[PDB]
Amino acid sequence: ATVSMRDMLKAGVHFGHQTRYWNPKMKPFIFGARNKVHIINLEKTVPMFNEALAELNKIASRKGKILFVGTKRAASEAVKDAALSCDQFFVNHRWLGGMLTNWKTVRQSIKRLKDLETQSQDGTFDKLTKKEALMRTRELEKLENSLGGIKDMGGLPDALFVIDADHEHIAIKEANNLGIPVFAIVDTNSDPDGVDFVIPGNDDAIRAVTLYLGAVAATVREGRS
RNA sequence: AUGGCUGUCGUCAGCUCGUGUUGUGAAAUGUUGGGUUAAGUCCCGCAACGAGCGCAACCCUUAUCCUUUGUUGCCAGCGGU
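Listed below in structure tokens is the structure:
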């Protein structure tokens, strides 16, 4: 399973940001400029998207763990259902500095969630004071919407998928410290030197990111099968 | 030379740690920021994530009612003074 050339063109994958934000480390990923904004050379993209997709299908068959990362509301929910298809792990709201490097801390932050999840089922809040019931409930929405998508990780992922290494450069700096391959969809204004398998393109369009993770959800099903 | 015990800034609201992270390093980060509160009190944000001593609470007393008991306490409903 792979993506075609013109199907991504209808989504606007070539459309980048203004030339007032571009990063000079991507000159080999630039086609030209139209209306003072950059245009991404997609003929370079498709092959560079497939050497990554061929590598991603390798670790999916070995039953490794991947991680989708997206912290922008214009794509924050498309990454959720994408992770629901290939039942892998994801973080769609806020990347806490320490999901990988400080995993020894967030692991006990996990047990804070589980017992609170199960006692929210046996009827413990009908036994508690309404103020403590207000306390244990308000924190439940905060934790489930922060690390709820990585609640069944069981350790460290064998891979990690990123969206825009410019806004999420906190994640790419951590992933390199543990020795984990990084697959990012670096926009034209980001520095892709911290990514192993770089993929030029746009993401500020909801229809654009649906092409990506959907295809990533496909390759994982090829692997787990 | 000390222990134990006390005053004191101050009943002011602060003081630190583990891990991660930034810096050659002293250290920084968290503990800053937007509001708010008696209060690093609480929420959101955030390379920080949690934790501890404190803060508050749990304690005593006082302000209201109910239940239980009625002496040497007390005096309404009834008699003798």
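With the authors' numbering applied, the first sequence covers 1 to 225.
Beta carbons: idealized from backbone N, C-alpha and C, even for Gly.
Ordered list of alpha helix (DSSP H) runs contained in the stretch 70-140, each at least 4 residues | 78-85 and 103-118
Taking the alpha-carbon positions, what's the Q88 to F15 distance?
-> 30 Å
If you count every other CB in all the chains shown that lies within 10 Å of the CB of residue 245, and 16 or more means buried, which is it?
-> The first residue shown for the chain is 1 and the last is 225, placing residue 245 beyond what the model contains.
Given 8 Å as the limit, is there contact between the stretch 139-146 and the stretch 102-116, that is, 3 or more CB pairs closer than that?
-> yes
Leaving out five residues on either side along the sequence, give the residues of the same chain with a beta carbon under 8 Å from the beta carbon of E174.
-> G97, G98, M99, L100 and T101
Whole-angstrom distance between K131 and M8, CA atom to CA atom | 52 Å
How would you call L134, buried or exposed, if buried means at least 16 neighbouring beta carbons within 10 angstroms?
-> exposed
Residue span of the beta strand (DSSP E) that contains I40, given as start and end | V37 to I40
Helix, strand or coil for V195, going by three-state DSSP, please let me know.
-> coil
Using DSSP bridges, identify the partner residues of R34.
-> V37
Paired residues, beta bridge with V182 - DSSP = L160
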